[PDB]
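Heads up, input15.txt below (compact mmCIF, C-alpha atoms):
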# COMPACT_ATOMS: atom_id res chain seq x y z
CA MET A 1 1.23 32.94 -22.87
CA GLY A 2 -2.62 33.00 -23.39
CA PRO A 3 -5.90 32.02 -21.61
CA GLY A 4 -5.34 28.26 -22.29
CA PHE A 5 -2.03 28.33 -20.36
CA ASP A 6 -3.72 30.61 -17.73
CA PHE A 7 -6.41 27.99 -16.93
CA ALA A 8 -3.80 25.15 -17.06
CA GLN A 9 -1.45 27.03 -14.63
CA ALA A 10 -4.35 27.66 -12.18
CA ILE A 11 -5.13 23.88 -12.11
CA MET A 12 -1.43 22.90 -11.75
CA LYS A 13 -0.65 25.37 -8.89
CA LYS A 14 -3.53 24.30 -6.57
CA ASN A 15 -4.74 20.82 -7.70
CA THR A 16 -1.60 18.71 -8.45
CA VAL A 17 0.87 16.81 -6.30
CA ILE A 18 3.85 14.64 -7.21
CA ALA A 19 2.85 10.96 -6.59
CA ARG A 20 5.61 8.30 -6.34
CA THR A 21 4.84 4.54 -6.47
CA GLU A 22 7.20 1.55 -7.12
CA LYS A 23 6.55 2.25 -10.87
CA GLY A 24 7.86 5.91 -10.82
CA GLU A 25 6.92 9.57 -10.26
CA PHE A 26 3.55 10.77 -11.71
CA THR A 27 1.60 14.03 -12.01
CA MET A 28 -1.48 13.37 -9.78
CA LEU A 29 -4.63 15.54 -10.11
CA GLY A 30 -6.46 16.30 -6.79
CA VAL A 31 -10.24 16.66 -7.58
CA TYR A 32 -12.00 17.32 -4.17
CA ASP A 33 -11.50 16.62 -0.40
CA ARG A 34 -8.69 13.95 -0.24
CA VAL A 35 -9.66 12.32 -3.60
CA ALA A 36 -7.18 12.31 -6.54
CA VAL A 37 -6.69 10.43 -9.84
CA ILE A 38 -3.63 8.68 -11.38
CA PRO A 39 -3.14 6.30 -14.34
CA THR A 40 -3.93 2.69 -13.28
CA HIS A 41 -0.46 1.55 -14.58
CA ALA A 42 1.02 3.53 -11.57
CA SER A 43 -0.08 0.40 -9.56
CA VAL A 44 -1.07 2.27 -6.36
CA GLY A 45 -0.55 0.17 -3.15
CA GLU A 46 -1.34 0.62 0.59
CA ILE A 47 1.31 3.42 0.86
CA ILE A 48 2.21 6.15 -1.69
CA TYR A 49 4.63 9.16 -1.51
CA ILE A 50 2.87 12.56 -2.01
CA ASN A 51 5.40 15.46 -2.50
CA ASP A 52 7.96 13.02 -0.86
CA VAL A 53 5.77 12.44 2.30
CA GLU A 54 4.85 8.81 3.19
CA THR A 55 1.00 8.69 2.91
CA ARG A 56 -1.48 5.87 3.68
CA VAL A 57 -3.94 5.09 0.85
CA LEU A 58 -7.44 4.95 2.47
CA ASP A 59 -9.08 3.57 -0.76
CA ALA A 60 -8.10 2.97 -4.42
CA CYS A 61 -10.39 1.90 -7.32
CA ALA A 62 -9.26 1.07 -10.92
CA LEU A 63 -12.27 2.22 -12.97
CA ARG A 64 -13.81 0.07 -15.72
CA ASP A 65 -16.84 0.85 -17.93
CA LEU A 66 -20.09 -1.18 -17.90
CA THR A 67 -18.72 -3.33 -20.83
CA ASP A 68 -16.11 -4.33 -18.10
CA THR A 69 -13.34 -2.61 -20.20
CA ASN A 70 -10.31 -0.84 -18.60
CA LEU A 71 -10.60 3.01 -18.41
CA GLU A 72 -6.95 3.40 -17.12
CA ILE A 73 -8.11 5.82 -14.31
CA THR A 74 -7.46 4.92 -10.64
CA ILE A 75 -9.33 7.04 -8.02
CA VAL A 76 -7.33 7.31 -4.79
CA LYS A 77 -8.39 8.61 -1.39
CA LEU A 78 -5.28 9.87 0.50
CA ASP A 79 -4.74 10.01 4.32
CA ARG A 80 -3.63 13.65 3.88
CA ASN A 81 -4.12 16.45 6.48
CA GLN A 82 -5.37 18.93 3.81
CA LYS A 83 -8.24 19.02 1.24
CA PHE A 84 -7.91 19.89 -2.49
CA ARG A 85 -9.80 22.84 -3.92
CA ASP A 86 -13.05 21.30 -5.34
CA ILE A 87 -12.71 21.42 -9.21
CA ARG A 88 -15.57 19.00 -10.05
CA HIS A 89 -17.56 21.85 -11.76
CA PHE A 90 -14.71 21.98 -14.40
CA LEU A 91 -15.25 18.30 -15.42
CA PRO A 92 -17.23 17.51 -18.60
CA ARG A 93 -20.49 15.54 -18.25
CA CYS A 94 -20.27 13.69 -21.64
CA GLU A 95 -17.68 12.14 -24.04
CA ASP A 96 -16.66 14.89 -26.52
CA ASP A 97 -14.02 16.27 -28.94
CA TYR A 98 -12.13 19.52 -28.05
CA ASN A 99 -10.19 22.33 -29.77
CA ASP A 100 -6.96 23.88 -28.40
CA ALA A 101 -5.98 21.71 -25.35
CA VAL A 102 -2.89 22.00 -23.08
CA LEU A 103 -1.12 19.06 -21.47
CA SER A 104 0.54 20.16 -18.16
CA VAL A 105 3.14 18.08 -16.19
CA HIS A 106 4.83 18.65 -12.83
CA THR A 107 7.51 16.14 -11.66
CA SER A 108 11.14 16.25 -10.30
CA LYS A 109 12.19 15.56 -13.98
CA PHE A 110 9.70 17.95 -15.78
CA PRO A 111 8.83 20.92 -13.47
CA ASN A 112 6.29 23.54 -14.68
CA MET A 113 5.93 21.90 -18.16
CA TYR A 114 3.02 23.09 -20.41
CA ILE A 115 2.52 21.65 -23.97
CA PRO A 116 -0.05 23.08 -26.41
CA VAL A 117 -1.30 19.83 -28.03
CA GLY A 118 -4.04 21.39 -30.23
CA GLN A 119 -7.14 19.47 -31.43
CA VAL A 120 -8.33 16.52 -29.22
CA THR A 121 -10.27 13.61 -30.92
CA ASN A 122 -12.77 11.34 -29.10
CA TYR A 123 -10.79 8.25 -30.28
CA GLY A 124 -12.73 5.68 -28.15
CA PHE A 125 -11.13 2.20 -28.26
CA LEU A 126 -7.31 1.84 -27.94
CA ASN A 127 -5.16 -1.25 -27.37
CA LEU A 128 -2.98 0.49 -24.71
CA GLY A 129 0.16 -1.53 -23.77
CA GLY A 130 -1.84 -4.66 -24.86
CA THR A 131 -4.90 -3.77 -22.64
CA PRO A 132 -8.22 -2.98 -24.47
CA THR A 133 -9.10 0.54 -23.16
CA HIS A 134 -12.20 2.75 -23.72
CA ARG A 135 -12.90 6.54 -23.52
CA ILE A 136 -9.48 7.52 -24.99
CA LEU A 137 -8.80 11.07 -26.17
CA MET A 138 -6.10 11.48 -28.87
CA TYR A 139 -3.86 14.47 -29.74
CA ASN A 140 -1.10 14.79 -32.39
CA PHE A 141 1.94 15.55 -30.14
CA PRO A 142 5.03 13.29 -29.77
CA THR A 143 4.57 12.91 -25.98
CA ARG A 144 7.34 10.98 -24.06
CA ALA A 145 8.10 8.94 -20.89
CA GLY A 146 7.57 11.25 -17.83
CA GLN A 147 4.26 12.83 -19.06
CA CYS A 148 1.92 10.09 -17.62
CA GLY A 149 -0.68 11.57 -15.24
CA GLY A 150 -0.25 14.92 -17.01
CA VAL A 151 -3.44 16.99 -16.96
CA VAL A 152 -5.29 17.78 -20.21
CA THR A 153 -7.29 21.05 -20.09
CA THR A 154 -9.12 23.47 -22.33
CA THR A 155 -10.15 26.98 -21.18
CA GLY A 156 -12.64 26.24 -18.37
CA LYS A 157 -12.52 22.38 -18.59
CA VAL A 158 -10.33 19.60 -17.15
CA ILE A 159 -10.94 16.83 -19.75
CA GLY A 160 -8.41 13.99 -19.10
CA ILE A 161 -5.12 12.56 -17.78
CA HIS A 162 -2.26 11.49 -20.14
CA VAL A 163 -1.85 7.64 -20.14
CA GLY A 164 0.35 6.82 -23.19
CA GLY A 165 1.75 7.57 -26.61
CA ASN A 166 3.10 5.88 -29.80
CA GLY A 167 5.88 8.44 -30.67
CA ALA A 168 3.59 10.57 -32.98
CA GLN A 169 0.32 10.74 -30.94
CA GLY A 170 -0.53 11.01 -27.23
CA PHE A 171 -3.52 9.42 -25.45
CA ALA A 172 -5.50 10.56 -22.39
CA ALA A 173 -8.22 8.81 -20.29
CA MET A 174 -11.38 10.99 -20.15
CA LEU A 175 -12.38 12.54 -16.85
CA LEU A 176 -16.20 12.71 -16.45
CA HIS A 177 -18.17 14.48 -13.66
CA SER A 178 -20.06 11.18 -12.92
CA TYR A 179 -16.78 9.52 -11.74
CA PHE A 180 -16.63 11.88 -8.68
CA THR A 181 -20.24 12.11 -7.35
CA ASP A 182 -20.13 11.67 -3.50
Write out the structure in this file as structure tokens.
Amino acid sequence: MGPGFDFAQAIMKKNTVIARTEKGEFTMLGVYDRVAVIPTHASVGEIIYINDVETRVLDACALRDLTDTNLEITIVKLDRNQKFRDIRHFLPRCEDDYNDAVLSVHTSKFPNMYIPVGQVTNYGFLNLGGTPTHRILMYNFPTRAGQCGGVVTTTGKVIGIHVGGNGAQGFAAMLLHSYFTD
């Protein structure tokens, strides 16, 4: 409807796949080459389904900060025959607050879903499903089951992936450029 949704759509159409693990279907953001991200609670194994194709996982790393605190981001390298468009130049370098963000989801259950979530707070610490978690972004939308892995964007930046909610607020794990240096 506007330039927020325009940027979000451009990311969804070229840089997302549907990932299925034993824990469900997730929006998965492809970042560069065969490297993607997914919430750590997806519990990625040796094999994952990507757009319903059986795919070997070449490497998977559950990120933690240097306080050894969960970040709730898993980086996955996929044995896929095709590279993602490189979107690393759209990743923020530092922890920040944002105005006017969109949360975008693409699954069997929620195809082509775009939610204007508004102001995003650098929340920091969250007890997420009982796990102390750092680098959490917060937005005031009643997000629901099925939105995990959803991509959070502003115009020109990909800032996070949706990892939880409490019925009134939603929470995303930050994406930072430094996670994807190669």
Selection near residue 39 (chain A), 7 Å with all atoms listed in the file, sequence-local residues under 5 positions removed, as a VMD selection string
chain A and resid 72 to 74 149 163
For residue 71 (chain A), list every protein, DNA or RNA residue within 9 Å, evaluated using only C-alpha atoms, and leave out those in the same chain fewer than 3 positions away; present the list as a VMD selection string.
chain A and resid 40 62 to 65 74 132 to 136 173 to 174
Counting only C-alpha atoms, the residue of A:110, A:26, A:171, A:84 that sits nearest residue 159 (chain A)
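Selected residue with least distance to residue 159 (chain A): A:171.
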Of the listed residues A:76, A:138, A:112, A:67, that which approaches residue 124 (chain A) most closely, counting only C-alpha atoms:
A:138
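The space between CA of residue 109 (chain A) and CA of residue 144 (chain A) spans 12.1 Å.
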Provide the CA of residue 75 (chain A) to CA of residue 3 (chain A) distance in Å, to one decimal place.
28.6 Å
Please list as a list in words every residue within 10 Å of residue 24 (chain A), counting only C-alpha atoms and excluding residues in the same chain fewer than 4 positions away.
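Selected residues are residues 19, 20, 42, 43, 146 and 148 of chain A.
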So which residues touch residue 106 (chain A) within 9 Å, counting only C-alpha atoms, skipping near sequence neighbours fewer than 4 positions away, as JSON, numbers by chain?
{"A": [12, 16, 17, 18, 26, 27, 28, 110, 111, 112, 113, 114, 147, 150]}
Could you state the separation of CA of residue 25 (chain A) and CA of residue 93 (chain A) in Å, given to one decimal place?
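Spanning CA of residue 25 (chain A) to CA of residue 93 (chain A) is a straight-line distance of 29.2 Å.
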Exercise: residue 143 (chain A) partners within 9 Å, only C-alpha atoms, chain neighbours under 6 positions left out, as an MDAnalysis selection string:
chainID A and resid 164:171
Which of A:175, A:130, A:5, A:80 sits closest to residue 56 (chain A) [using only C-alpha atoms]:
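Ranked by minimum distance to residue 56 (chain A), first place goes to A:80.
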Using all atoms listed in the file, find the one residue out of A:151, A:123, A:96, A:52 that sits nearest to residue 15 (chain A).
A:151
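When only C-alpha atoms are used to compute distances to residue 30 (chain A), the closest of the residues A:9, A:82, A:107, A:99 turns out to be A:82.
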Of the candidates A:103, A:91, A:152, A:48, which shows the shortest atom-to-atom distance to residue 23 (chain A), using all atoms listed in the file?
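Of all the options, A:48 lies closest to residue 23 (chain A).
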If I only have part of region 37-51 of chain A, can you fill in N, CA, C and O atoms and write it as a compact mmCIF listing (two decimals), in the frame of the given file?
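The resulting file, selection.txt, is reproduced below:
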# COMPACT_ATOMS: atom_id res chain seq x y z
N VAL A 37 -6.74 11.44 -8.76
CA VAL A 37 -6.69 10.43 -9.84
C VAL A 37 -5.25 10.24 -10.33
O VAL A 37 -4.42 11.18 -10.24
N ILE A 38 -4.98 9.07 -10.89
CA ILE A 38 -3.63 8.68 -11.38
C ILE A 38 -3.84 7.59 -12.42
O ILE A 38 -4.83 6.86 -12.37
N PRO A 39 -2.99 7.45 -13.46
CA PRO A 39 -3.14 6.30 -14.34
C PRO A 39 -3.02 4.97 -13.58
O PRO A 39 -2.24 4.82 -12.66
N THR A 40 -3.86 4.00 -13.97
CA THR A 40 -3.93 2.69 -13.28
C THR A 40 -2.56 1.97 -13.35
O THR A 40 -2.21 1.29 -12.38
N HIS A 41 -1.80 2.17 -14.42
CA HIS A 41 -0.46 1.55 -14.58
C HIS A 41 0.55 2.12 -13.56
O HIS A 41 1.64 1.52 -13.43
N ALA A 42 0.22 3.15 -12.77
CA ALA A 42 1.02 3.53 -11.57
C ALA A 42 1.01 2.45 -10.50
O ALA A 42 1.93 2.46 -9.67
N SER A 43 0.03 1.53 -10.51
CA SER A 43 -0.08 0.40 -9.56
C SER A 43 -0.06 0.89 -8.11
O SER A 43 0.87 0.56 -7.33
N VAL A 44 -1.03 1.70 -7.73
CA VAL A 44 -1.07 2.27 -6.36
C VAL A 44 -1.22 1.12 -5.36
O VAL A 44 -2.09 0.25 -5.58
N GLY A 45 -0.45 1.14 -4.27
CA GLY A 45 -0.55 0.17 -3.15
C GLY A 45 -1.19 0.77 -1.91
O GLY A 45 -2.01 1.73 -2.06
N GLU A 46 -0.83 0.24 -0.74
CA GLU A 46 -1.34 0.62 0.59
C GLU A 46 -0.70 1.94 1.03
O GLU A 46 -1.24 2.60 1.92
N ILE A 47 0.48 2.24 0.49
CA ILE A 47 1.31 3.42 0.86
C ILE A 47 1.79 4.05 -0.46
O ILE A 47 2.16 3.31 -1.38
N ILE A 48 1.76 5.37 -0.52
CA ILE A 48 2.21 6.15 -1.69
C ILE A 48 2.99 7.35 -1.13
O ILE A 48 2.72 7.77 0.02
N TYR A 49 3.95 7.90 -1.88
CA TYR A 49 4.63 9.16 -1.51
C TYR A 49 3.94 10.31 -2.25
O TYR A 49 3.76 10.26 -3.45
N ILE A 50 3.56 11.35 -1.50
CA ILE A 50 2.87 12.56 -2.01
C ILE A 50 3.79 13.75 -1.67
O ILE A 50 3.97 14.05 -0.47
N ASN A 51 4.41 14.35 -2.69
CA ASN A 51 5.40 15.46 -2.50
C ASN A 51 6.46 14.98 -1.51
O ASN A 51 6.79 15.74 -0.60
